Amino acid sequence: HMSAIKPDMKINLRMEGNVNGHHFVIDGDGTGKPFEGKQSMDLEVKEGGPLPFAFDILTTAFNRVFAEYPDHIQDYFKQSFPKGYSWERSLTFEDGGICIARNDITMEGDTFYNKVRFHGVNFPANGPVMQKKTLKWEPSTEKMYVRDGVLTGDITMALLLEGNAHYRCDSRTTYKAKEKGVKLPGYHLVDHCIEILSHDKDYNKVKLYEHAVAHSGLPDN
């Protein structure tokens, strides 16, 4: 239908979560261009700071409506508004650390609202996360498809570590629309790149940016 999505969107996000027995609340004002698949956010930890973990593991939980979609790819995400949609996500890191995240997404005019939740367990004390040895998320490629009838995305992720070592994480998100009638898209790919643009010593304030582009792979891309 007609979406309600206009090319400059405000972004309003709200995260509550616990890693390793440590609670934190974080807020973010942000703005974006859904149709260019770009956005940036100003996160500010409202409780639980300084976080004793790496802020990087939180970042992808900070909306694939901001994915530049070609018209030969069904945009399950933009066609899900006004009503909106919600995702669930597991992150499984290679040292048995595992997070689950939920984000539920609505729209009040020029603004997306995100009630996000984040939980992480089993991070080992001398690992990259708890010792905060992380540098950035490398550029990834999300594999999009339908299983048991739900748009699913899997990703093979890797965090750059000091020493230019890499820390592997597997990602699986399930997206569900709030409204009936949303066409399921054929299998596709979504390149992204996420980025901490600026940040203070303790990470209590953070500038985040993301660029996500959908494509069919080779070749034709």
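Heads up: residue numbers just count along the shown sequence, starting at 1.
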In the entry, residues of the deposited sequence missing between residue 62 and residue 63 amount to 1 to 3
Could you check the entry and say whether 169-177 or 46-54 has the higher mean CA B-factor? 46-54
Determine, for stretches 107-115 and 143-151, which one has the higher mean CA B-factor as deposited. 107-115
Would you mind finding, among 192, 33, 183, 188, the residue with the largest C-alpha temperature factor in the entry? 33
For the C-alpha B-factor as written in the entry, point me to the maximum among 126, 92, 86, 79. 92
Can you work out whether the C-alpha temperature factor of residue 73 puts it in the lowest, middle or highest third of the chain? middle
Give the position of residue 121 by CA B-factor within its chain, expressed as the lowest, middle or highest third. highest
By the recorded C-alpha temperature factor, relative to the other modelled residues in its chain, which third is residue 209 in? lowest
For residue 160, the third of its chain by CA B-factor is the lowest
Quick one: classify residue 19 as lowest, middle or highest third of the chain based on its Cα B-factor. highest
